[PDB]
Protein chains: 2
Amino acid sequence: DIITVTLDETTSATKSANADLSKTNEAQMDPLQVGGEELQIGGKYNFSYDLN
Amino acid sequence: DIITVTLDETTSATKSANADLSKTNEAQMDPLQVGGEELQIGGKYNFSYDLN
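- In terms of determination method and resolution, the entry is listed under cryo-EM at 3.22 Å.

- Chain A is annotated in the PDB entry as FlgH of Vibrio alginolyticus.
- Its PDB record names the entry "Cryo-EM structure of the polar flagellar motor-hook complex".

Shown next as structure tokens:
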């Protein structure tokens, strides 16, 4: 038996995925000055730091 | 027996596919400075790194 087929096909598929991570640090301190002079810890260490 | 055929044919087919992948890293740290001097681990290693 003869049967006619209408070819009408349309398929479409998409997918996506993304990720992000970020972190930052910034800590800075000038040498501490008390009494007109620069404070010293130990023998050669200041009250200062720098992180980045 | 004589039969007349009307030639009327029109077929059309398309297909497509694509893919993407991407990844990136960027980690950078300046040498850590505490107490006015540059911190050293071991004997010659800083607190710094650079990844790309």
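## Brief notes about the environment of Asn25 of chain A
All names here are of chain A.
1) Next: Summarising the element assignment, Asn25 is placed in the segment before β1 (27–29).
2) Next: Placed 22 residues apart in sequence, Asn25 and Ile3 show a C-alpha to C-alpha distance of 73 Å.
3) Next: Apart from residues no more than four positions distant in its own chain, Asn25 is found in contact with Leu51 and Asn52.

Basis of the calculations
Residues numbered from 1 in each chain as written, not as in the entry; some residues may be left out. Chains lettered and ligands numbered in written order. Part of a larger assembly, values for the part shown. Heavy atoms only, no water. Helix = DSSP H or I, 4+ residues; strand = E, 2+ residues; numbered from the N terminus. Contact = heavy atoms within 4.5 Å.

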